[PDB]
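Chains A and B, in that order, are what the protein sequence lines are.
Residue numbers for the first sequence follow full-length UniProt numbering, beginning at 963 and rising by one.
Residue numbers for the second sequence follow full-length UniProt numbering, beginning at 963 and rising by one.
From the three backbone atoms N, C-alpha and C, an ideal C-beta is built for every residue, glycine too.
Notes follow the structure.
2 protein chains.
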Amino acid sequence: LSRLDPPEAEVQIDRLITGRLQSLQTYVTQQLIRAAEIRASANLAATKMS
Amino acid sequence: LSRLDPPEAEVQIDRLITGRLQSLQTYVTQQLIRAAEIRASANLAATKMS
């Protein structure tokens, strides 16, 4: 942004936005995968407690 | 690579790399989905054995 004019900057900005969107998507997806296998253990724990 | 010069080749190479990355992502994601439903059956099997 400092050493390039906006018509030149936006071409790279599109690329950086694409990459960072993709990496957030991957993180959140795997986070939903993990949540389920922890939930099943919490349910077994509550069963053993009861 | 054989019949095109590198400045021309790289434009297609970017496209092929994008497609193949996407297809590996899809395969590994569904593979983690399957693993969980097999794990639950393995746990029920161990319960029945015990």
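Express the C-alpha separation of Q984 (chain B) and residue 916 (chain B) in angstroms, rounding to a whole number.
Any answer about residue 916 (chain B) is impossible in this case: the structure gives chain B only from 963 up to 1012.
For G981 (chain B) and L963 (chain B), the rounded distance between their alpha carbons:
If you draw a straight line from the Cα of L963 (chain B) to the Cα of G981 (chain B), it is about 18 Å long.
Can a CB atom of chain B be found closer than 8 Å to the CB of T980 (chain A)?
Not closer than 8 Å to any Cβ of chain B, the Cβ of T980 (chain A) fails to qualify, so no.
Pull out every residue of the region 982-998 of chain B whose Cβ sits closer than 9 Å to any Cβ of chain A, in chain order.
Hits within the stretch, in order: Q987, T991, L994, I995, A998.
Kindly indicate which three-state DSSP category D976 (chain B) falls into: helix, strand or coil?
Here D976 (chain B) sits in helix by DSSP.
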